[PDB]
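By convention in this document, chain letters (A, B, ...) are assigned in the order of the sequence lines, proteins followed by strands, and residues within each chain are numbered from 1.
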Amino acid sequence: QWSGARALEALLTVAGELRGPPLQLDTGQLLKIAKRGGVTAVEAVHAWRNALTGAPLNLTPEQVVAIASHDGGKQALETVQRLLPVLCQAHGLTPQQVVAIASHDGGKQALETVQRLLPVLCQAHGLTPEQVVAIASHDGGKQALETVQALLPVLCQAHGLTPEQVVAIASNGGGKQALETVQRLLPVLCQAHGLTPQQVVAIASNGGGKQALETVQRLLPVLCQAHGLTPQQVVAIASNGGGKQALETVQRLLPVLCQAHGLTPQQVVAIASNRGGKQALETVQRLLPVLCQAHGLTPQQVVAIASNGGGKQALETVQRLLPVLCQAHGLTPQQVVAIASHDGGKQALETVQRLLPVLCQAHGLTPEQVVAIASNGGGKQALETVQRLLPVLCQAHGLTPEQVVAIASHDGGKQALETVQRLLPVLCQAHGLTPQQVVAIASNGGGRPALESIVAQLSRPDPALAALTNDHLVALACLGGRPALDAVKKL
DNA sequence: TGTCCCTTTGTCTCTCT
DNA sequence: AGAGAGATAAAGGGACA
Ligand SMILES: [Mg+2]
C-alpha cells in the first residue's frame, strides 16, 4: 500500500474533531494547517485546543491557526503557551506581538531568542521593543536577532548605517544573510559604483536580500555599459520586489522587448521593477503580440498592466477575461485595463466578474462605481467589503451609497470601511464630528490610521494638539492623514 | 519526517510629496 | 494621485537528524 495512508487517516480523524468546540474550523482553515504545519501540527492544535482558547491566554481560533500553519507549528504552539505570559509581563509585549513572532517557520526559536535577547538589544544597543519584535517576526528570526546583536556595532560604526537602516535590513526573511552581505558589499557598491548607503539598504531590504546585492555587484557594469542603464535604473530593478531574478532577466530580455516590440528601456525598467519582475517581463515577451492583435490592446496598455506586482497574473487574467467582461458585462477594454493595472489585478478582475452583477442588481450601484472601486490595489478586498457593509453603513449609519463608494475607492478601502463602521458612532455621537467630516477623513489612502489617530486625540487628548479645534484636526487629517497628525504632535 | 532557515512571487495597505 | 516602500502570506528548496 501507500505510505502516507495511515498519516492521512489520522489527519482526517483529528481534523473532523476540530470542527467542534472550542475551535470550529472550516475546510479552508483545516487544509492550510495540514499543508504548512503538517499532521503533527493538526494534532498539536487538537491536543492543546483548550489551553489556548480559554484562561489565561484567550487566543482567537484565527490566532491558533496563524501559529499552527508553519513548519514546526507544533513547537510554536507549545512555545506560545509557555512564553506568552512571560513576554507580556516581563518585557511588556502585547499578546498580538507574541502571536506575530510565533506565526512563522521556526516560531519557537524566534520566541525563545526574543525572550533571551530583548533585554540586551534594548539596553546595550538602544533598540525599541517594537524594533525587536519586527526583527523577530520573519522566518529565521532567531538568526536575524543574533546577527543584529553581533553586527550592529560594526555596521553603524565602520560602515555608517543608522540603527534604523540595520533594523530595516534585518526585518526580512533571510535577515542574517542580508546583514552579512551588506557588511561585505557596502564598500564595494559604494566606492566603486556611486550608490549611496541608502540605495544599498533598499536593495538589501524588501526581499532582495543577499541575492539582490550580489547580483547588483555582479551585473551592474554589464548593464550600464552595453545596455546603457543608469545606476539609478539598476537600483530600482533590484530594490522593491526585484531582485536578482528581475536583474538577470532584464539583461536577457531588454533587447528582445525593444527590437521586436519597440518598447523603450524606460518601459522595460518599469516592468522589471516589481515583485516577480522576471515573471512579468517573460509574460510580456510572450503575450504582447497576442493582446495587440486584431486591433486589440495598445503596447502602452500592455506595459501598464505588466508594471505592477504580480503583473504576470494580471496579464494572463486580462488575456482570459477581456472577452467575457466586455461581452457579458458591458465593460470597455479601457475599463478592464484600469481594473488590472494595480497590484493584484488578477484578484480584482475575478472579483469584478463575480460581483458586478450582484452589486448592480442587489445594491443599486453602477458598473462605473464597481469599476472605480475595483481600480485600486486590494480591489477585491474593497469590493467584498462594500458588498458586506453597504446595507449597514447606509441603513444603520445614515451614509449614502455615493459616500460608501467614495470611502471604498482608494488603496485600503476595506480598512477604511471597517473603521468608519467601528468609529463613526464615537466620532459623531460622542465628539460632535459630522458624518461628512468622517467620510472626508476616510476618503483617502490610509483612511484607517487617519481615523484612529483622530479618535486617539479626542479620547486621550495629547496636550500637543489642544490648540487645534475639531475642524482643524479634521482639515489636517484630510490633508495628510496620520503622518500629518503625528508630525504636529512633534510641535 | 519534523524542523529551521532562505528565496521568489503575489497580494494588500500606507506613505510621501 | 501616482510611485515607492512596508507588511504579510504562500509555497517550494536546502539542510540536518
Ligand atoms: Mg507597484
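At distances below 3.5 Å, not a single donor-acceptor pair connects side-chain atoms of A/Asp71 with backbone N or O atoms of A/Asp105. The backbone N or O of A/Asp462 sits less than 3.5 Å from a side-chain atom of A/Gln457, completing a donor-acceptor pair.
Under a 4.0 Å N-O distance rule, the pair A/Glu78/A/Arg82 qualifies as a salt bridge.
For the pair A/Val148/A/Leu117, no side-chain contact is recorded, criterion being any heavy-atom separation below 4.5 Å from C-beta on. At least one side-chain heavy atom of A/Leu427 sits under 4.5 Å from a side-chain heavy atom of A/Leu451. Inter-residue side-chain proximity for A/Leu433 and A/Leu458 is flagged as met; some heavy-atom pair is nearer than 4.5 Å.
Scanning for side-chain hydrogen bond (donor to acceptor under 3.5 Å, both in side chains) contacts around A/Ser137 gives an empty result, with sequence neighbours left out. The salt bridge (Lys or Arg N to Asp or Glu O under 4.0 Å) search around A/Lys74 returns none, not counting sequence neighbours.
A donor-acceptor contact closer than 3.5 angstrom links the side chains of A/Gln115 and A/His91.
Of the residues in residues 242-249 of chain A, those with a non-hydrogen atom less than 4.0 angstrom from any atom of DNA chain B are A/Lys244, A/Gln245.
Here A/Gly445 lies in heavy-atom contact (under 4.0 Å) with a base.
With a heavy-atom cut-off of 4.0 Å to chain A, the contacted part of DNA chain B has its first and last nucleotide at B/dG2 to B/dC16.
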Can I get a per-line list of side-chain donor-acceptor pairs under 3.5 Å for residues 436-450 of chain A, giving both atom names and the distance, sequence neighbours left out?
{"from": "A/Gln436", "atom 1": "OE1", "to": "A/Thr434", "atom 2": "OG1", "distance (Å)": "3.0"}
{"from": "A/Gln437", "atom 1": "OE1", "to": "A/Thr434", "atom 2": "N", "distance (Å)": "2.9"}
{"from": "A/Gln437", "atom 1": "NE2", "to": "A/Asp471", "atom 2": "OD1", "distance (Å)": "3.2"}
{"from": "A/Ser443", "atom 1": "OG", "to": "A/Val439", "atom 2": "O", "distance (Å)": "2.7"}
{"from": "A/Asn444", "atom 1": "ND2", "to": "A/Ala440", "atom 2": "O", "distance (Å)": "3.3"}
{"from": "A/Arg448", "atom 1": "NE", "to": "A/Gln415", "atom 2": "OE1", "distance (Å)": "3.0"}
{"from": "A/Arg448", "atom 1": "NH1", "to": "A/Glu452", "atom 2": "OE2", "distance (Å)": "3.2"}
{"from": "A/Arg448", "atom 1": "NH2", "to": "A/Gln415", "atom 2": "OE1", "distance (Å)": "2.7"}

Which letters describe nucleotides 6-17 of chain C, given B = protein heavy atom under 4.0 Å from base, S = only from sugar-phosphate, - = neither?
BBB-SBB-----

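In this structure, the CD atom of A/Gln266 is 11 Å from the P atom of C/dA3, given to the nearest Å.
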